[PDB]
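Undergrad: Before we start, here is the structure in question, set down as structure tokens.
Heads up, the Cβs are rebuilt from the backbone with ideal geometry, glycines too, and the neighbour counts pull from every protein chain shown. Values quoted throughout were computed directly from the atomic coordinates according to the rules given, and no laboratory measurement underlies them.
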Amino acid sequence: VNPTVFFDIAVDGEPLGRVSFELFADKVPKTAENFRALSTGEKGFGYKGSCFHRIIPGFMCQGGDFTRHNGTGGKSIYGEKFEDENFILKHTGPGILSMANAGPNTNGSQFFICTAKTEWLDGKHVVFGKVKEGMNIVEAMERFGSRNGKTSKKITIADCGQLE
Amino acid sequence: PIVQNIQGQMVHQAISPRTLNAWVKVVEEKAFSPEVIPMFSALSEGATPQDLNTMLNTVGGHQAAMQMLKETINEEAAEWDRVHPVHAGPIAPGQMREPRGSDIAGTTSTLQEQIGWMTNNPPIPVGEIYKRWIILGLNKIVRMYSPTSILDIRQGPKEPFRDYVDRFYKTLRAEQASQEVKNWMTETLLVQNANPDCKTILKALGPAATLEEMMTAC
Amino acid sequence: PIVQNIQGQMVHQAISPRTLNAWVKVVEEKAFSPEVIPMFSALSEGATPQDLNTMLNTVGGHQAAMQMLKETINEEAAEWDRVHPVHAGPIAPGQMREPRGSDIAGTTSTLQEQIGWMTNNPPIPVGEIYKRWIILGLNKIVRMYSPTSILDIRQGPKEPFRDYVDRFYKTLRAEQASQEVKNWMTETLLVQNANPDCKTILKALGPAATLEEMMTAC
């Protein structure tokens, strides 16, 4: 058992709705454990009030840079980056959650949320969970992206944690 | 390279063997003289990293020189990587990644990627950046083999002022000193290392003579 | 080692010096005689992989042999891991992670973990199974240190049968043959590689005699 984690999504201040996630902790334990603990902020840091800095229609929505806010920041709960844990789970279609990285062994806290089937990401980004509820709020999120990733609204994780 | 207009259509083809014969020849003929450098530049117009590597690989001579150079290039490749972080997360369709030090070296990249970077709008000139990282190592290899110190350039007893100037300027070429330090040297050190009988004539044209007024005499 | 005399589960003690001086000494003065195996077993009773490693490493002499014994362990440890699938997600409440080839040889597992699986119900007996791998090694090693080979043993004409059975037994003990074969070797092979005058008396005596009688023939 891994408890389901959520993000609350606000846009420009105004709430947009809630996203829920299920994480594959039995296949991928410290990667799943990382996005779960950064969701609570139990370690005195994590995803709360950090903007989604890269949003691209019909590909993915990316966040979890909570330090720079730009796509060069983020850090794991273990400190610095971690090794690619297990590449078993395929990017099988929308609502897949998977780890944004800059090449080998760089998984910090950043992630991206698939809104298309992205088969070429298999073996390069660990798939570590899957969308439980709130996928159409990530459809509402994508609308505020552009083709290069440039967001045209400030899109902010209002609140985050875990669910009994 | 890119061929028939770098701002045209962006047609591409391989580094000519006719370029390569002329390139192997000139290091054979001319050593690590600073004359092989603009020769390198004029051969390398619109060249990819894959093309530049073939220039180095084909030479077969000069293997300590080439090694010392490839070591110097890897230090500049390392600086590029160090200065530039890559922005994290996956490449979108139609789009391309930010180039690292070994990408421009051509070792963790392919031609398909190199052409992408080079022919994007606006163009990212990875060829040029890596041609400069070569030339920066060539300058050092040139200087290593360089004729002996400029500060020790002193006109001989059976030597004309023209040959002295010749020799002075030839040493000034393979010197990598500032063009300010070189000017002041052309002005001061030239004369004060000159031979007495020539120095007298040189001084007697007074301060701030043109090289031609000097060469006309002496 | 683990302490016998505590009724509670798994109370333990830092390894005796006397145990280790005696292991080194039997390795020094017995030279891998087959006698080393029950001896090593009196010493290694109640012990852990940390302690069996501490024992293995303690021997400074004999370093070829020691490298052979470790090659046995790793082959068994490769076999152990080849056979088993081994679970990689979080363990469920009240239960523990199941021990790999490295965990039983004591290279990834620590003393606390070694203790955990013997605590448990079913216990997994990782000191026994590692000692099994060590005894399987030493059983190869003793054969190898023994010059004689069982078919090459044949009685001289003038050789007493007590003396001949002594060396037969010594050679047989060291060999690594199946029981049924050994029974046949002790029944027909022994008497057939006897000397004919002796074998003529042994046959006359017959097979219905005691071994006590058979030793006092010839």
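Undergrad: If I model a spin label as a point 7 Å beyond the Cα along the Cα-Cβ vector, how far apart are those points for B:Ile201 and B:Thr119 in nm?
TA: Each label point is offset 7 Å from its Cα along the Cβ direction, giving 6.2 nm.
Undergrad: What number does the protein assembly as shown give for Rg over Rh if you use C-alpha atoms and the Kirkwood radius? All intermediate terms of the calculation are to be shown ahead of the outcome.
TA: Details: Rg = 40.9 Å, Rh = 33.7 Å.
Rounded to two decimals, Rg/Rh equals 1.21.
Undergrad: Sequence-distant or interchain residues sharing an amide H contact under 5 Å with A:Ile113, placed H: which?
TA: A:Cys61, A:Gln62
Undergrad: Which FRET efficiency value, to the nearest 0.05, do you get for B:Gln9 and B:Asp166 by plugging their Cβ-Cβ distance into 1/(1 + (r/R0)^6) with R0 = 56 Å? Don't skip to the end; give the middle numbers.
TA: Working: r = 48 Å, r/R0 = 0.85.
My answer for the efficiency is 0.75.
Undergrad: Further question: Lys and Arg at +1, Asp and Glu at -1: add these up for the other residues within a Cβ distance under 10 Å of A:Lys90 and post the number. Write out the running numbers ahead of the final one.
TA: On the way: positive: A:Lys117; negative: A:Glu119, A:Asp122.
Neighbour charge sum, excluding A:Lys90 itself: -1.
Undergrad: Treat the count of other C-beta atoms within 10 Å as a stand-in for reagent exposure and order A:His125, A:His69 from fewest to most.
TA: Values: A:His125 25, A:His69 14.
Final ranking by Cβ density, sparse to dense: A:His69, A:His125.
Undergrad: Quick one: compute the contact order of chain B, relative version, from alpha carbon pairs under 8 angstrom and 6+ residues apart, as a percent. Display every interim value, and only then the final one.
TA: Working: 189 pairs, mean separation 39.2, N = 218.
Over chain B, the number comes to 18 percent.
Undergrad: Run the quick spin-label model on C:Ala209 and B:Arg143: label points 7 Å from Cα toward the beta carbon, then report their separation in nm to one decimal.
TA: 10.0
Undergrad: Can you list residues from other chains, or at least 5 along the same chain, whose modelled amide H is less than 5 Å from the amide H of A:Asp159?
TA: A:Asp8, A:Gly49
Undergrad: Find out how many positive minus negative residues lie around A:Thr40, taking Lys and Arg as positive, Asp and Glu as negative, among other residues whose Cβ is under 14 Å from that of A:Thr40.
TA: Details: positive: A:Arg36, A:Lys43, A:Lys48; negative: A:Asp8, A:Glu33, A:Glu42, A:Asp159, A:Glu164.
Result for the local shell: -2.
Undergrad: Can you compute 3J(HN,Hα) from phi for each residue in the range B:142-155, using the Karplus curve 6.51 cos²θ - 1.76 cosθ + 1.60 with θ = phi - 60°, rounded to whole Hz and x for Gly and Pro?
TA: Computed from phi, the couplings for the range B:142-155 are 3, 4, 3, 8, 2, x, 3, 2, 6, 6, 9, 5, 8, 4 Hz.
Undergrad: Ok, one more. Under 18 Å Cα to Cα from A:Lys150, which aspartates and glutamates show up? Leave out anything in the same chain fewer than 8 places away.
TA: Once the sequence-local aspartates and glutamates are set aside, what remains near A:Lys150 is A:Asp12, A:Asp65, A:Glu139, A:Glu142, B:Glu98.
Undergrad: Under the rule of -39500 (n - 2.57) per DSSP H run of 4 or more residues, summed and divided by the residues of chain A, what mean residue ellipticity at 222 nm is obtained, to the nearest 500 deg cm²/dmol?
TA: Working: 2 runs with 19 residues, N = 164.
Mean residue ellipticity at 222 nm (helix-derived): -3500 deg cm²/dmol.
Undergrad: Hey, which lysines would be in cross-link range of A:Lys48, C-alpha to C-alpha under 18 Å, not counting anything within fewer than 8 residues on its own chain?
TA: Straight-line reach from A:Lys48, under 18 Å: A:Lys75, A:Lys153, A:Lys154.
Undergrad: Looking at the range B:113-218, which trypsin sites (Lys or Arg not before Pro) are DSSP coil and have at most 10 other C-beta atoms within 10 Å of their C-beta? Walk me through the intermediate numbers first.
TA: On the way: sites: B:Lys131, B:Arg132, B:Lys140, B:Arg143, B:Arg154, B:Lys158, B:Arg162, B:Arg167, B:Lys170, B:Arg173, B:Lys182, B:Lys199, B:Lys203; in loops: B:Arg154, B:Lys158.
Those that pass, being in a loop and sparsely packed, are B:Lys158.
Undergrad: Given H placed on each backbone N at 1.01 Å, which residues far from A:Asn101 in sequence or on other chains put an amide H within less than 5 Å of it?
TA: Long-range HN contacts for A:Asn101: B:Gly89.
Undergrad: Could you put B:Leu43, B:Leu52, C:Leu211 in order, starting from the residue whose Cβ has the fewest other Cβ atoms within 10 Å?
TA: Values: B:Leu43 19, B:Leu52 24, C:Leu211 8.
Listing B:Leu43, B:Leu52, C:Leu211 from fewest to most nearby Cβ atoms yields C:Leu211, B:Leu43, B:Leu52.
Undergrad: Please compute the net charge surrounding A:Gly129, taking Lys and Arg as +1 and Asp and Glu as -1 over other residues with Cβ under 14 Å from its Cβ.
TA: Working: positive: A:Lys27, A:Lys30, A:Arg36, A:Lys90, A:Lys130, A:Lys132; negative: A:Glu22, A:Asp26, A:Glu33, A:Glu85, A:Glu133.
Once positives and negatives cancel, what remains is +1.
Undergrad: With runs of 4+ DSSP H residues as the only contributors, calculate the mean residue ellipticity of chain B at 222 nm using -39,500 (n - 2.57) per run, divided by the residue total and rounded to the nearest 500. Show your work: numbers first, answer last.
TA: Numbers: 12 runs with 129 residues, N = 218.
Value at 222 nm, helices only: -18000 deg cm²/dmol.
Undergrad: Where does chain C land on the Kirkwood hydrodynamic radius, alpha-carbon pairs, in angstrom? Write out the running numbers ahead of the final one.
TA: On the way: mean 1/r = 0.0483 Å⁻¹.
After inverting the pairwise mean of 1/r, the radius is 20.7 Å.
Undergrad: Moving on to the next point. Using each residue's phi in the range A:36-41, evaluate 6.51 cos²θ - 1.76 cosθ + 1.60 at θ = phi - 60° and report the 3J(HN,Hα) Karplus result to the nearest Hz, with x for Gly and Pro.
TA: Working through the residues one at a time gives 5, 6, 5, 5, 5, x Hz.
Undergrad: Starting from the 7 Å offset along Cα-to-Cβ, what nm value, one decimal, do you get for the label separation of A:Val1 and C:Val83?
TA: 3.5
Undergrad: I would also like to ask the following. Computed over the Cα atoms of chain A, what is the convex hull's projected area averaged over all directions, in nm²? It would help to have the intermediate numbers written out before the result.
TA: On the way: hull surface 33.7 nm².
Value for chain A: 8.4 nm².
Undergrad: Taking a Cβ-Cβ separation under 4.7 Å as the criterion for a possible partner, which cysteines of the protein assembly as shown have none?
TA: Within the protein assembly as shown, the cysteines lacking a partner Cβ under 4.7 Å are A:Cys51, A:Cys61, A:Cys114, A:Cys160, B:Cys198, B:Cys218.
Undergrad: Using the alpha-carbon centroid of each, what span in Å lies between the range C:199-217 and the range B:191-218?
TA: Using only Cα atoms, the two centres lie 127 Å from each other.
Undergrad: Just report the Cα centroid separation between the range B:58-120 and the range A:32-107, whole Å.
TA: Taking the Cα centre of the range A:32-107 as reference, the centre of the range B:58-120 is 27 Å away.
Undergrad: Now a separate question. With θ set to phi - 60°, apply the Karplus curve 6.51 cos²θ - 1.76 cosθ + 1.60 along the range B:126-137 and write out the HN-Hα couplings as whole Hz, x wherever there is a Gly or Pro.
TA: Karplus values, whole Hz, x for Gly and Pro: 5, x, 4, 4, 6, 4, 4, 4, 4, 5, 4, x.
Undergrad: Moving to a separate point now. Quick one: if the Förster radius is 60 Å, what FRET efficiency do B:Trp184 and A:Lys124 give, using the C-beta to C-beta distance and rounding to 0.05? Each step should come with its number before you reach the end.
TA: Values: r = 57 Å, r/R0 = 0.95.
Efficiency computed from Cβ-Cβ geometry: 0.60.
Undergrad: Still on this structure: Filter the GluC sites (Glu not before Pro) in the range A:1-47 down to the DSSP loop ones having no more than 16 other Cβ atoms within 10 Å, then list what survives. If you can, show how the numbers build up before the last one.
TA: On the way: sites: A:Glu22, A:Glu33, A:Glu42; in loops: A:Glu42.
Answer by residue number: A:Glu42.
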